[PDB]
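Chains as they are written, first to last, in PDB author numbering: chain G, 116 to 172; chain F, 1 to 149. Cβ atoms here follow ideal geometry from the backbone N, Cα and C, with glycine treated the same way. Only one structure is covered here, and it is reproduced in the block below.
In structure tokens form, the structure reads like this:
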């Protein structure tokens, strides 16, 4: 369970692939990816979590 | 086939520039001269099965000598000057094995050898041994000669 939900929304701040092995014709066949994302949730989910705390009654 | 060379007869000649006469000194335990070429391994992208060794720089070893504490020779008086920093003279050393008759079968011929270390043996009350001192030189180049290379 991510931050308080079952999913982690957001967009990709960063990405870096670093291929380390190859073949004779160099099909790569080893990757080592280094992702990095941000929070950025949708506006319908953020409004729904607000009405669940103090809905003005 | 001709007989291999044994390792218990050897002469050593020194030639300093302080000292006008070339002198010849008997040792017990000349250590042994190494000579490494210092390759380095490179890894190519698409090649996984062969190796690649690239030649760089020839490294020479060190001349470690051992003899007993005997009367003051022109070489122990010369290490005393260099290790007191009164001179920084270095010598051309010629080391050679001898066969059954007298003949030099191999010669090693070091250049610009510098005295760098003196090491005294142990003084022990029950010991039954000769006091051996250990001498050590760093040279610049090395050039082996002779018929038994």
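Let me confirm a value: residue i is counted as buried when at least 16 other C-beta atoms fall within 10 Å, else exposed. Which label applies?
{"i": "residue 67 of chain F", "result": "buried"}
{"i": "residue 115 of chain F", "result": "buried"}
{"i": "residue 110 of chain F", "result": "buried"}
{"i": "residue 108 of chain F", "result": "buried"}
{"i": "residue 14 of chain F", "result": "buried"}
{"i": "residue 78 of chain F", "result": "buried"}
{"i": "residue 123 of chain G", "result": "exposed"}
{"i": "residue 141 of chain G", "result": "exposed"}
Would you mind telling me which residues of chain F sit closer than 9 angstroms to residue i, beta carbon to beta carbon, in chain order?
{"i": "residue 138 of chain G", "result": "46 and 48"}
Could you check whether the Cβ of residue i sits closer than 7 angstroms to any heavy atom belonging to the ligand NAD?
{"i": "residue 65 of chain F", "result": "The ligand content of the structure shown is nil, which means the ligand NAD is not present either."}
What residues of chain F sit near residue i, judged by a beta carbon separation below 8 angstroms?
{"i": "residue 141 of chain G", "result": "45 and 46"}
What residue range is occupied by the uninterrupted alpha helix (DSSP H) comprising residue i?
{"i": "residue 29 of chain F", "result": "Looking at the DSSP string, residue 29 of chain F is not in any alpha helix (DSSP H), and its letter there is neither H nor E."}
{"i": "residue 95 of chain F", "result": "Where residue 95 of chain F is concerned, there is no enclosing alpha helix (DSSP H), although the beta strand (DSSP E) it sits in stretches over 91-98."}
{"i": "residue 144 of chain G", "result": "That residue, residue 144 of chain G, is in no alpha helix (DSSP H); it is neither H nor E in DSSP."}
{"i": "residue 137 of chain G", "result": "Run containing residue 137 of chain G: none; DSSP gives neither H nor E here."}
{"i": "residue 164 of chain G", "result": "158-166"}
Residue i bridges to which residues according to DSSP?
{"i": "residue 132 of chain F", "result": "F/68"}
{"i": "residue 41 of chain F", "result": "F/53"}
{"i": "residue 115 of chain F", "result": "F/137"}
{"i": "residue 23 of chain F", "result": "F/14"}
{"i": "residue 35 of chain F", "result": "F/60"}
{"i": "residue 142 of chain F", "result": "F/110"}
{"i": "residue 132 of chain G", "result": "G/148"}
Considering residue i, what are the terminal residues of the beta strand (DSSP E) in which it resides?
{"i": "residue 78 of chain F", "result": "Taken as a continuous stretch (DSSP letters only), residue 78 of chain F belongs to no beta strand (DSSP E), being part of the alpha helix (DSSP H) at 76-83."}
{"i": "residue 14 of chain F", "result": "10-14"}
{"i": "residue 107 of chain F", "result": "104-107"}
{"i": "residue 148 of chain G", "result": "Segment: none, residue 148 of chain G is in no beta strand (DSSP E) and carries neither H nor E."}
{"i": "residue 127 of chain G", "result": "127-129"}
Inset, instruction - Say whether the region 132-148 of chain F touches the region 60-79 of chain F, bearing in mind that this needs 3 or more beta-carbon pairs closer than 8 angstroms, one atom from each stretch. - result: Yes: at least three Cβ pairs fall under 8 angstroms.
Legend entry - Touching by the beta-carbon criterion (3+ pairs, under 8 angstroms), the region 147-164 of chain G and the region 127-139 of chain G: Contact between the region 147-164 of chain G and the region 127-139 of chain G is present, because at least three Cβ pairs lie under 8 angstroms.
Legend entry - Three CB pairs or more closer than 8 angstroms across the region 22-34 of chain F and the region 44-58 of chain F: With contact defined as three or more Cβ pairs closer than 8 angstroms, the region 22-34 of chain F and the region 44-58 of chain F are not in contact.
Legend entry - Three or more C-beta pairs below 8 angstroms linking the region 96-103 of chain F and the region 16-28 of chain F: In short, these stretches do not touch, since the Cβ pair count stays below three.
Inset, instruction - For the region 91-98 of chain F and the region 39-47 of chain F, state whether three or more C-beta atom pairs, one from each stretch, are separated by less than 8 angstroms. - result: Touching, no.
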